[PDB]
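Asker: Got a file for you: structure00.cif, mmCIF, C-alpha atoms and all ligand atoms.
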data_work
loop_
_atom_site.group_PDB
_atom_site.id
_atom_site.type_symbol
_atom_site.label_atom_id
_atom_site.label_comp_id
_atom_site.auth_asym_id
_atom_site.auth_seq_id
_atom_site.Cartn_x
_atom_site.Cartn_y
_atom_site.Cartn_z
ATOM 1 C CA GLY A 1 62.456 -5.391 -67.587
ATOM 2 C CA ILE A 2 62.005 -8.412 -65.294
ATOM 3 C CA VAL A 3 64.538 -10.615 -67.126
ATOM 4 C CA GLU A 4 67.209 -7.880 -66.930
ATOM 5 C CA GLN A 5 66.371 -7.221 -63.283
ATOM 6 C CA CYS A 6 65.635 -10.747 -61.998
ATOM 7 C CA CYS A 7 67.707 -13.385 -63.821
ATOM 8 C CA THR A 8 71.269 -12.600 -62.679
ATOM 9 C CA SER A 9 70.162 -11.243 -59.312
ATOM 10 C CA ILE A 10 67.353 -12.397 -57.053
ATOM 11 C CA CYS A 11 64.197 -10.347 -57.044
ATOM 12 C CA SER A 12 62.333 -10.666 -53.768
ATOM 13 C CA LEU A 13 58.537 -10.933 -53.629
ATOM 14 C CA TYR A 14 58.663 -7.175 -53.111
ATOM 15 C CA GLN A 15 60.551 -6.510 -56.362
ATOM 16 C CA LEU A 16 58.556 -9.066 -58.313
ATOM 17 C CA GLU A 17 55.331 -7.194 -57.427
ATOM 18 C CA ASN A 18 56.387 -4.384 -59.779
ATOM 19 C CA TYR A 19 55.693 -6.809 -62.642
ATOM 20 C CA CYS A 20 52.142 -7.592 -61.581
ATOM 21 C CA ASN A 21 49.054 -6.138 -63.166
ATOM 22 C CA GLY B 1 38.297 -16.012 -68.726
ATOM 23 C CA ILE B 2 41.278 -18.363 -68.686
ATOM 24 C CA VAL B 3 40.451 -20.060 -65.360
ATOM 25 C CA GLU B 4 36.882 -20.849 -66.454
ATOM 26 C CA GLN B 5 37.996 -22.116 -69.894
ATOM 27 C CA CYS B 6 41.231 -24.043 -69.095
ATOM 28 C CA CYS B 7 41.218 -24.835 -65.352
ATOM 29 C CA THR B 8 37.543 -25.326 -64.478
ATOM 30 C CA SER B 9 37.002 -26.826 -67.928
ATOM 31 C CA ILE B 10 39.587 -28.266 -70.375
ATOM 32 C CA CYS B 11 41.227 -26.110 -73.100
ATOM 33 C CA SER B 12 42.353 -27.176 -76.526
ATOM 34 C CA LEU B 13 45.757 -25.940 -77.686
ATOM 35 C CA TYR B 14 43.894 -23.393 -79.918
ATOM 36 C CA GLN B 15 41.858 -22.204 -76.930
ATOM 37 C CA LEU B 16 45.033 -21.781 -74.813
ATOM 38 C CA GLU B 17 46.563 -19.704 -77.605
ATOM 39 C CA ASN B 18 43.742 -17.141 -77.180
ATOM 40 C CA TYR B 19 45.750 -15.883 -74.160
ATOM 41 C CA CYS B 20 49.002 -15.337 -76.123
ATOM 42 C CA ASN B 21 49.853 -11.769 -77.076
ATOM 43 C CA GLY C 1 69.067 -35.457 -79.398
ATOM 44 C CA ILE C 2 66.699 -33.186 -77.445
ATOM 45 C CA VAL C 3 69.367 -31.910 -75.020
ATOM 46 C CA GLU C 4 71.690 -30.970 -77.915
ATOM 47 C CA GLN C 5 68.806 -29.378 -79.809
ATOM 48 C CA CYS C 6 66.796 -27.776 -76.975
ATOM 49 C CA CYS C 7 69.043 -26.648 -74.102
ATOM 50 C CA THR C 8 71.055 -23.801 -75.669
ATOM 51 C CA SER C 9 68.281 -22.819 -78.066
ATOM 52 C CA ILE C 10 64.532 -22.808 -77.539
ATOM 53 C CA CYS C 11 62.571 -25.638 -79.059
ATOM 54 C CA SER C 12 59.002 -24.626 -79.795
ATOM 55 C CA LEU C 13 56.072 -26.975 -79.162
ATOM 56 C CA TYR C 14 56.494 -27.887 -82.822
ATOM 57 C CA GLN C 15 60.127 -28.990 -82.417
ATOM 58 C CA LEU C 16 59.481 -30.690 -79.098
ATOM 59 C CA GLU C 17 56.864 -32.928 -80.778
ATOM 60 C CA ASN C 18 59.678 -34.760 -82.586
ATOM 61 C CA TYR C 19 60.609 -36.235 -79.193
ATOM 62 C CA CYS C 20 57.164 -37.634 -78.465
ATOM 63 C CA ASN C 21 56.189 -41.249 -78.840
ATOM 64 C CA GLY D 1 50.159 -48.562 -66.418
ATOM 65 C CA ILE D 2 51.906 -45.710 -64.621
ATOM 66 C CA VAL D 3 48.821 -43.484 -64.232
ATOM 67 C CA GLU D 4 46.771 -46.302 -62.679
ATOM 68 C CA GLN D 5 49.615 -47.359 -60.338
ATOM 69 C CA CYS D 6 51.128 -43.991 -59.248
ATOM 70 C CA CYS D 7 48.529 -41.270 -59.942
ATOM 71 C CA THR D 8 45.169 -42.978 -59.397
ATOM 72 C CA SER D 9 46.761 -45.064 -56.648
ATOM 73 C CA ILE D 10 50.005 -44.426 -54.696
ATOM 74 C CA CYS D 11 53.377 -45.879 -55.829
ATOM 75 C CA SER D 12 56.255 -46.990 -53.679
ATOM 76 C CA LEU D 13 59.736 -45.915 -54.767
ATOM 77 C CA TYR D 14 60.280 -49.524 -56.041
ATOM 78 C CA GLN D 15 57.040 -49.351 -58.031
ATOM 79 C CA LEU D 16 58.066 -45.996 -59.592
ATOM 80 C CA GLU D 17 61.386 -47.539 -60.614
ATOM 81 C CA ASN D 18 59.490 -50.055 -62.801
ATOM 82 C CA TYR D 19 59.215 -47.186 -65.335
ATOM 83 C CA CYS D 20 62.987 -46.493 -65.468
ATOM 84 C CA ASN D 21 64.871 -47.815 -68.478
ATOM 85 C CA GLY E 1 51.579 -27.568 -38.799
ATOM 86 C CA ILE E 2 52.196 -26.239 -42.302
ATOM 87 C CA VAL E 3 50.069 -28.835 -44.135
ATOM 88 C CA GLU E 4 47.044 -28.187 -41.901
ATOM 89 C CA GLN E 5 47.417 -24.381 -42.152
ATOM 90 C CA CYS E 6 48.416 -23.854 -45.832
ATOM 91 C CA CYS E 7 47.443 -27.011 -47.763
ATOM 92 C CA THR E 8 44.312 -28.291 -46.014
ATOM 93 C CA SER E 9 43.313 -24.689 -45.329
ATOM 94 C CA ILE E 10 44.535 -21.472 -47.032
ATOM 95 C CA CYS E 11 47.497 -19.445 -45.659
ATOM 96 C CA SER E 12 48.010 -15.723 -45.790
ATOM 97 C CA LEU E 13 51.473 -14.491 -46.767
ATOM 98 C CA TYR E 14 52.063 -13.679 -43.034
ATOM 99 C CA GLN E 15 51.014 -17.206 -42.060
ATOM 100 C CA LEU E 16 53.385 -18.734 -44.665
ATOM 101 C CA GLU E 17 56.221 -16.637 -43.245
ATOM 102 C CA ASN E 18 55.809 -18.440 -39.885
ATOM 103 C CA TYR E 19 57.775 -21.301 -41.524
ATOM 104 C CA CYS E 20 60.758 -19.115 -42.547
ATOM 105 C CA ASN E 21 63.877 -19.357 -40.407
ATOM 106 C CA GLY F 1 76.303 -28.088 -48.084
ATOM 107 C CA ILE F 2 73.689 -29.199 -50.636
ATOM 108 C CA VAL F 3 74.292 -26.284 -53.038
ATOM 109 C CA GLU F 4 78.059 -26.960 -53.070
ATOM 110 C CA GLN F 5 77.461 -30.691 -53.477
ATOM 111 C CA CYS F 6 74.416 -30.749 -55.791
ATOM 112 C CA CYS F 7 74.390 -27.770 -58.179
ATOM 113 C CA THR F 8 77.400 -28.463 -60.429
ATOM 114 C CA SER F 9 77.102 -32.232 -60.097
ATOM 115 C CA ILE F 10 74.004 -34.395 -59.873
ATOM 116 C CA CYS F 11 73.052 -35.692 -56.471
ATOM 117 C CA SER F 12 71.088 -38.917 -56.706
ATOM 118 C CA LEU F 13 68.103 -39.625 -54.451
ATOM 119 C CA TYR F 14 70.645 -41.413 -52.272
ATOM 120 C CA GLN F 15 72.854 -38.331 -51.836
ATOM 121 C CA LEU F 16 69.907 -35.987 -51.462
ATOM 122 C CA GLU F 17 68.682 -38.038 -48.466
ATOM 123 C CA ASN F 18 71.607 -36.691 -46.424
ATOM 124 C CA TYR F 19 69.811 -33.326 -46.468
ATOM 125 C CA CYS F 20 66.553 -34.652 -45.061
ATOM 126 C CA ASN F 21 65.438 -34.264 -41.488
ATOM 127 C CA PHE G 1 49.225 -31.430 -76.533
ATOM 128 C CA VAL G 2 47.929 -32.608 -73.170
ATOM 129 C CA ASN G 3 44.114 -32.798 -72.714
ATOM 130 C CA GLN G 4 43.601 -31.838 -69.076
ATOM 131 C CA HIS G 5 42.615 -29.265 -66.539
ATOM 132 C CA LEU G 6 45.399 -26.713 -66.316
ATOM 133 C CA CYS G 7 45.379 -24.583 -63.284
ATOM 134 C CA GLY G 8 47.530 -22.299 -61.252
ATOM 135 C CA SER G 9 51.288 -22.568 -61.916
ATOM 136 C CA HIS G 10 50.631 -25.354 -64.517
ATOM 137 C CA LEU G 11 48.443 -23.065 -66.563
ATOM 138 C CA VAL G 12 51.066 -20.290 -66.618
ATOM 139 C CA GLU G 13 53.787 -22.807 -67.589
ATOM 140 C CA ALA G 14 51.543 -24.071 -70.462
ATOM 141 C CA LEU G 15 51.085 -20.496 -71.588
ATOM 142 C CA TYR G 16 54.871 -19.895 -71.428
ATOM 143 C CA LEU G 17 55.503 -22.926 -73.705
ATOM 144 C CA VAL G 18 52.607 -22.456 -76.101
ATOM 145 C CA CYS G 19 52.975 -18.722 -76.626
ATOM 146 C CA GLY G 20 56.763 -18.740 -77.074
ATOM 147 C CA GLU G 21 58.080 -15.440 -78.465
ATOM 148 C CA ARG G 22 54.576 -13.926 -78.513
ATOM 149 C CA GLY G 23 54.302 -13.984 -74.733
ATOM 150 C CA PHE G 24 51.018 -14.059 -72.901
ATOM 151 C CA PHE G 25 48.648 -12.424 -70.449
ATOM 152 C CA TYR G 26 47.473 -14.185 -67.320
ATOM 153 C CA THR G 27 44.523 -12.203 -66.119
ATOM 154 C CA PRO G 28 42.232 -14.379 -64.006
ATOM 155 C CA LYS G 29 38.690 -13.031 -63.674
ATOM 156 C CA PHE H 1 75.036 -15.198 -67.412
ATOM 157 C CA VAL H 2 71.962 -17.434 -67.125
ATOM 158 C CA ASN H 3 69.872 -19.229 -69.760
ATOM 159 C CA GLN H 4 67.059 -16.804 -70.459
ATOM 160 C CA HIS H 5 64.607 -19.562 -71.410
ATOM 161 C CA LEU H 6 65.094 -21.342 -68.048
ATOM 162 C CA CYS H 7 65.012 -18.096 -66.107
ATOM 163 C CA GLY H 8 61.756 -17.074 -67.783
ATOM 164 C CA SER H 9 60.193 -20.430 -66.871
ATOM 165 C CA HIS H 10 61.024 -19.792 -63.245
ATOM 166 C CA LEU H 11 59.964 -16.122 -63.272
ATOM 167 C CA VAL H 12 56.461 -16.831 -64.654
ATOM 168 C CA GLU H 13 55.838 -19.328 -61.781
ATOM 169 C CA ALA H 14 57.092 -16.813 -59.188
ATOM 170 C CA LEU H 15 54.937 -14.080 -60.747
ATOM 171 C CA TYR H 16 51.966 -16.455 -60.528
ATOM 172 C CA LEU H 17 52.486 -16.783 -56.731
ATOM 173 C CA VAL H 18 53.319 -13.102 -56.106
ATOM 174 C CA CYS H 19 50.663 -11.588 -58.362
ATOM 175 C CA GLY H 20 47.750 -13.893 -57.551
ATOM 176 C CA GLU H 21 44.432 -12.582 -58.852
ATOM 177 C CA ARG H 22 46.079 -9.337 -60.086
ATOM 178 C CA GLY H 23 47.572 -11.429 -62.900
ATOM 179 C CA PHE H 24 50.479 -10.350 -65.064
ATOM 180 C CA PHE H 25 51.724 -9.933 -68.618
ATOM 181 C CA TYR H 26 54.894 -11.717 -69.782
ATOM 182 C CA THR H 27 56.891 -11.573 -73.052
ATOM 183 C CA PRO H 28 60.355 -13.144 -73.703
ATOM 184 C CA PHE I 1 76.458 -23.459 -71.923
ATOM 185 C CA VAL I 2 73.613 -24.530 -69.624
ATOM 186 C CA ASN I 3 73.480 -27.011 -66.733
ATOM 187 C CA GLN I 4 72.300 -30.209 -68.367
ATOM 188 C CA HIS I 5 70.628 -31.488 -65.190
ATOM 189 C CA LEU I 6 68.470 -28.331 -64.891
ATOM 190 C CA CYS I 7 67.718 -28.270 -68.598
ATOM 191 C CA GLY I 8 66.602 -31.903 -68.521
ATOM 192 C CA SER I 9 64.259 -31.158 -65.607
ATOM 193 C CA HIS I 10 62.613 -28.457 -67.666
ATOM 194 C CA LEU I 11 62.504 -30.487 -70.902
ATOM 195 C CA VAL I 12 60.705 -33.478 -69.320
ATOM 196 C CA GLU I 13 57.924 -31.127 -68.048
ATOM 197 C CA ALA I 14 57.598 -29.487 -71.486
ATOM 198 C CA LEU I 15 57.519 -32.917 -73.153
ATOM 199 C CA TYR I 16 54.769 -33.915 -70.712
ATOM 200 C CA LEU I 17 52.609 -30.966 -71.914
ATOM 201 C CA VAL I 18 53.469 -31.309 -75.626
ATOM 202 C CA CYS I 19 53.260 -35.096 -75.850
ATOM 203 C CA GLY I 20 50.178 -35.693 -73.706
ATOM 204 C CA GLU I 21 48.822 -39.225 -74.030
ATOM 205 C CA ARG I 22 51.418 -40.085 -76.730
ATOM 206 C CA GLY I 23 53.984 -40.185 -73.914
ATOM 207 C CA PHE I 24 57.729 -40.044 -74.418
ATOM 208 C CA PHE I 25 61.042 -41.685 -73.595
ATOM 209 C CA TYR I 26 63.817 -39.696 -71.882
ATOM 210 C CA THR I 27 67.449 -40.552 -71.004
ATOM 211 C CA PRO I 28 70.142 -38.107 -69.716
ATOM 212 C CA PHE J 1 60.556 -40.895 -50.569
ATOM 213 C CA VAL J 2 57.194 -39.142 -50.616
ATOM 214 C CA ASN J 3 54.057 -41.323 -50.173
ATOM 215 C CA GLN J 4 51.472 -39.627 -52.376
ATOM 216 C CA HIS J 5 49.545 -39.540 -55.588
ATOM 217 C CA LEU J 6 51.900 -38.442 -58.337
ATOM 218 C CA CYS J 7 50.282 -37.228 -61.442
ATOM 219 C CA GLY J 8 50.941 -35.274 -64.560
ATOM 220 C CA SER J 9 54.090 -33.103 -64.496
ATOM 221 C CA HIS J 10 54.812 -34.254 -60.874
ATOM 222 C CA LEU J 11 54.949 -37.867 -61.944
ATOM 223 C CA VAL J 12 57.407 -37.137 -64.773
ATOM 224 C CA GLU J 13 59.595 -35.060 -62.410
ATOM 225 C CA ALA J 14 59.600 -37.990 -59.898
ATOM 226 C CA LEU J 15 60.635 -40.301 -62.698
ATOM 227 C CA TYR J 16 63.421 -37.882 -63.749
ATOM 228 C CA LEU J 17 64.835 -37.873 -60.176
ATOM 229 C CA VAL J 18 64.357 -41.542 -59.361
ATOM 230 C CA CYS J 19 65.635 -42.965 -62.630
ATOM 231 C CA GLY J 20 68.711 -40.723 -62.883
ATOM 232 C CA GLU J 21 71.175 -41.926 -65.535
ATOM 233 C CA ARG J 22 68.900 -44.835 -66.500
ATOM 234 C CA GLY J 23 66.216 -42.524 -67.851
ATOM 235 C CA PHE J 24 62.590 -43.492 -68.098
ATOM 236 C CA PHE J 25 59.535 -44.052 -70.256
ATOM 237 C CA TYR J 26 56.311 -42.164 -69.693
ATOM 238 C CA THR J 27 53.710 -44.052 -71.626
ATOM 239 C CA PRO J 28 50.256 -43.427 -70.166
ATOM 240 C CA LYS J 29 47.674 -46.053 -71.119
ATOM 241 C CA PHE K 1 50.223 -12.981 -53.064
ATOM 242 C CA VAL K 2 48.094 -15.880 -54.265
ATOM 243 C CA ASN K 3 45.109 -16.910 -52.068
ATOM 244 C CA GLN K 4 44.951 -20.680 -52.488
ATOM 245 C CA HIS K 5 45.651 -24.098 -51.123
ATOM 246 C CA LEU K 6 49.376 -24.714 -51.359
ATOM 247 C CA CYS K 7 50.432 -28.257 -51.106
ATOM 248 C CA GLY K 8 53.303 -30.551 -51.791
ATOM 249 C CA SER K 9 55.963 -29.177 -54.172
ATOM 250 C CA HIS K 10 53.921 -25.917 -54.576
ATOM 251 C CA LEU K 11 54.078 -25.242 -50.870
ATOM 252 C CA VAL K 12 57.866 -25.711 -50.750
ATOM 253 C CA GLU K 13 58.299 -23.441 -53.807
ATOM 254 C CA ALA K 14 56.138 -20.755 -52.074
ATOM 255 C CA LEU K 15 58.319 -21.073 -49.008
ATOM 256 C CA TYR K 16 61.485 -20.760 -51.152
ATOM 257 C CA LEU K 17 60.190 -17.481 -52.682
ATOM 258 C CA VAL K 18 58.653 -15.964 -49.570
ATOM 259 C CA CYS K 19 61.477 -16.744 -47.169
ATOM 260 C CA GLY K 20 64.303 -15.652 -49.487
ATOM 261 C CA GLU K 21 67.636 -15.314 -47.661
ATOM 262 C CA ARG K 22 66.076 -16.431 -44.361
ATOM 263 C CA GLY K 23 65.398 -19.928 -45.657
ATOM 264 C CA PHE K 24 62.720 -22.167 -44.254
ATOM 265 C CA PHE K 25 61.786 -25.420 -42.566
ATOM 266 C CA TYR K 26 59.383 -27.875 -44.139
ATOM 267 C CA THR K 27 58.398 -30.206 -41.370
ATOM 268 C CA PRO K 28 55.015 -31.779 -42.098
ATOM 269 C CA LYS K 29 53.273 -33.193 -39.027
ATOM 270 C CA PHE L 1 78.984 -22.525 -62.792
ATOM 271 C CA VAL L 2 75.197 -22.541 -62.354
ATOM 272 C CA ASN L 3 72.768 -19.858 -61.160
ATOM 273 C CA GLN L 4 72.399 -20.578 -57.468
ATOM 274 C CA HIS L 5 68.865 -19.162 -57.308
ATOM 275 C CA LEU L 6 67.644 -21.529 -60.069
ATOM 276 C CA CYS L 7 69.527 -24.477 -58.629
ATOM 277 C CA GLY L 8 68.010 -23.882 -55.194
ATOM 278 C CA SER L 9 64.513 -23.805 -56.714
ATOM 279 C CA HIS L 10 65.130 -27.211 -58.218
ATOM 280 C CA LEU L 11 66.805 -28.678 -55.113
ATOM 281 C CA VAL L 12 63.915 -27.782 -52.761
ATOM 282 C CA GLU L 13 61.457 -29.642 -55.080
ATOM 283 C CA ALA L 14 63.758 -32.692 -55.240
ATOM 284 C CA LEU L 15 64.179 -32.616 -51.450
ATOM 285 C CA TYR L 16 60.383 -32.502 -51.144
ATOM 286 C CA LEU L 17 60.106 -35.777 -53.142
ATOM 287 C CA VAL L 18 63.105 -37.511 -51.516
ATOM 288 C CA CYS L 19 62.424 -36.451 -47.931
ATOM 289 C CA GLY L 20 58.649 -36.894 -47.842
ATOM 290 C CA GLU L 21 57.235 -36.756 -44.320
ATOM 291 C CA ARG L 22 60.757 -36.484 -42.806
ATOM 292 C CA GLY L 23 60.784 -32.893 -44.081
ATOM 293 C CA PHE L 24 63.893 -30.772 -44.453
ATOM 294 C CA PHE L 25 65.498 -27.438 -43.644
ATOM 295 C CA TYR L 26 66.773 -25.171 -46.442
ATOM 296 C CA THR L 27 68.717 -21.867 -46.411
ATOM 297 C CA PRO L 28 70.290 -20.095 -49.457
HETATM 298 CL CL CL A 101 49.301 -29.816 -58.799
HETATM 299 CL CL CL A 102 58.673 -23.930 -72.305
HETATM 300 CL CL CL A 103 59.539 -20.281 -59.869
HETATM 301 CL CL CL A 104 62.230 -15.228 -58.647
HETATM 302 CL CL CL A 105 59.226 -27.068 -68.329
HETATM 303 CL CL CL A 106 61.305 -26.266 -73.742
HETATM 304 CL CL CL A 107 66.073 -34.484 -60.153
HETATM 305 CL CL CL A 108 61.688 -17.845 -55.944
HETATM 306 CL CL CL A 109 63.321 -30.399 -58.850
HETATM 307 CL CL CL A 110 68.532 -32.837 -57.768
HETATM 308 ZN ZN ZN A 111 51.283 -29.138 -59.416
HETATM 309 ZN ZN ZN A 112 60.883 -24.641 -72.303
HETATM 310 ZN ZN ZN A 113 67.569 -32.755 -59.758
HETATM 311 ZN ZN ZN A 114 62.838 -17.201 -57.855
#
Translate this file's structure into structure tokens.

Answerer:
Amino acid sequence: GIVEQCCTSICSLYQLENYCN
Amino acid sequence: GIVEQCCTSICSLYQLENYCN
Amino acid sequence: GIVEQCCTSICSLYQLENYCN
Amino acid sequence: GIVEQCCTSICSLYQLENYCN
Amino acid sequence: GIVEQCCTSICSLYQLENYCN
Amino acid sequence: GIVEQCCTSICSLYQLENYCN
Amino acid sequence: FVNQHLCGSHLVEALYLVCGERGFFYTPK
Amino acid sequence: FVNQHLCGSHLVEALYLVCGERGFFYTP
Amino acid sequence: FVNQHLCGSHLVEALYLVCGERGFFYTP
Amino acid sequence: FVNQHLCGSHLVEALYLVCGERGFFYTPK
Amino acid sequence: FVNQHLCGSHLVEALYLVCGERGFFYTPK
Amino acid sequence: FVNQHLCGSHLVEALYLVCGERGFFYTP
């Protein structure tokens, strides 16, 4: 999940898009 | 939807809570 | 105080209201 | 008050500091 | 500049990236 | 650099100005 | 609670606060 | 280890920018 | 343990939403 | 310092920065 | 990516996200 | 020790206020 993936490492715009509808 | 109700118009707290899961 | 109460645990809207005027 | 001075109008830094404790 | 392109007008993602190093 | 100076201690407005253009 | 237009990032931050543990859906039309 | 509540605040704003009109679901 | 300066930044925005026209006092 | 209308959450964040250790009061009319 | 006017602090936050490791310059006219 | 990504997010907003029309450069 986004918190596991993106809180201790930086999710780029590209990675963050996975979490979009 | 949420833009029409809370951005275009003004939402109450109760109205904002309609978009909680 | 709010920092002691609300930085290491999450204060809800309800708890945060204590700190209002 | 602060809305009239800094939101409705524009505040200088000095003017904003009038609302510090 | 960036205000004219992305604030006054609307920027694409590509246009916003013109201001990256 | 700003991150070294201003992440574990608080940089005032006065210190932050060093990082302006 | 504030009585104002909430838009864009401000609307999603409001949702984040108000919904707490429940979470929320931001699905603009 | 980072404060989850602060991280979440940041992530929902970033998701707002990235997702745009697609929107997104978020739960802590 | 969380950075107090970052926490405070967040808390004053949350207080803004929660308190509305009541307003609030804040000191670090 | 920025020369602009500061409103809502932006105004309170300005106050937070500018006032530092002194703190501030946000008491809209 | 959002399709909207980005101004002020929102513009600099967009830049921060979009530019990532590259960084950015915010030099208004 | 504070999350650099969150700190940076905060610092660029603060720099925006402090610097105004002077502008600023930022790199993580
Ligand atoms: Cl705004
Ligand atoms: Cl919150
Ligand atoms: Cl963010
Ligand atoms: Cl992010
Ligand atoms: Cl907040
Ligand atoms: Cl909070
Ligand atoms: Cl600050
Ligand atoms: Cl980001
Ligand atoms: Cl900030
Ligand atoms: Cl700062
Ligand atoms: Zn804003
Ligand atoms: Zn919060
Ligand atoms: Zn700060
Ligand atoms: Zn981010």

Asker: Can you translate the PyMOL selection byres (((not hetatm)) within 9 of (chain A and resi 113)) into the concrete residues it hits in this file, as a ChimeraX atom specification?

Answerer: /F:6-7,10-13 /I:5-6,8-9 /J:13,16-17,20 /L:7,10-11,13-15

Asker: Can you tell me, as a list in words, which residues sit within 6 Å of (60.7, -41.0, -68.2) in the file's frame, using all atoms listed in the file?

Answerer: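 It turns out the residues near that spot are residues 25 and 26 of chain I; 15, 23, 24, 25 and 26 of chain J.
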
Asker: Hey, what's within 7 Å of residue I:22 if we count only C-alpha atoms and toss same-chain stuff fewer than 3 positions away? As a PDB file with C-alpha atoms, keeping the file's coordinate frame, please?

Answerer:
ATOM      1  CA  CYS C  20      57.164 -37.634 -78.465  1.00  0.00           C
ATOM      2  CA  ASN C  21      56.189 -41.249 -78.840  1.00  0.00           C
TER       3      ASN C  21
ATOM      4  CA  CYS I  19      53.260 -35.096 -75.850  1.00  0.00           C
TER       5      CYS I  19
ATOM      6  CA  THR J  27      53.710 -44.052 -71.626  1.00  0.00           C
TER       7      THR J  27
END

Asker: Counting only C-alpha atoms, which residues from chain L have an atom at most 6 Å from any atom of chain J, and could you show them as a list in words?

Answerer: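 Residues passing the distance filter: residues 17, 18, 19 and 20 of chain L.
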
Asker: Any idea what the distance is between atom CA of residue L:24 and atom CA of residue I:12?

Answerer: 25.2 Å

Asker: Hand me chain F as it sits after a least-squares fit onto chain A over every Cα, paired in order, written as an mmCIF file with C-alpha atoms, in the coordinates of the input.

Answerer:
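Output contents, as saved in superposed28.cif:
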data_model
loop_
_atom_site.group_PDB
_atom_site.id
_atom_site.type_symbol
_atom_site.label_atom_id
_atom_site.label_comp_id
_atom_site.auth_asym_id
_atom_site.auth_seq_id
_atom_site.Cartn_x
_atom_site.Cartn_y
_atom_site.Cartn_z
ATOM 1 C CA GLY F 1 62.456 -5.391 -67.587
ATOM 2 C CA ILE F 2 62.005 -8.411 -65.294
ATOM 3 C CA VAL F 3 64.538 -10.615 -67.127
ATOM 4 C CA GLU F 4 67.208 -7.881 -66.931
ATOM 5 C CA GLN F 5 66.371 -7.221 -63.283
ATOM 6 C CA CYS F 6 65.635 -10.747 -61.997
ATOM 7 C CA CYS F 7 67.708 -13.385 -63.821
ATOM 8 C CA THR F 8 71.269 -12.600 -62.679
ATOM 9 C CA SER F 9 70.162 -11.243 -59.311
ATOM 10 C CA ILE F 10 67.353 -12.397 -57.052
ATOM 11 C CA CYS F 11 64.197 -10.347 -57.045
ATOM 12 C CA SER F 12 62.333 -10.666 -53.768
ATOM 13 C CA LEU F 13 58.537 -10.933 -53.629
ATOM 14 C CA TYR F 14 58.663 -7.175 -53.111
ATOM 15 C CA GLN F 15 60.551 -6.510 -56.361
ATOM 16 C CA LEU F 16 58.556 -9.065 -58.313
ATOM 17 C CA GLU F 17 55.331 -7.195 -57.427
ATOM 18 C CA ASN F 18 56.386 -4.385 -59.778
ATOM 19 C CA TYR F 19 55.693 -6.808 -62.642
ATOM 20 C CA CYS F 20 52.142 -7.592 -61.582
ATOM 21 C CA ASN F 21 49.054 -6.138 -63.166
#

Asker: Please report the interatomic distance between atom CA of residue F:15 and atom CA of residue C:3 in Å with one decimal.

Answerer: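 Interatomic distance, atom CA of residue F:15 to atom CA of residue C:3: 24.3 Å.
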
Asker: What is the atom CA of residue H:3-atom CA of residue I:23 distance in Å, reported with one decimal?

Answerer: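 Computing it gives 26.6 Å between the two atoms.
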
Asker: As JSON, please: the centre and edge lengths in Å, to one decimal, of an axis-aligned box enclosing every listed atom of stretch 16-21 of chain B with 5 Å added on each side.

Answerer:
{"center_x": 46.8, "center_y": -16.8, "center_z": -75.9, "size_x": 16.1, "size_y": 20.0, "size_z": 13.4}
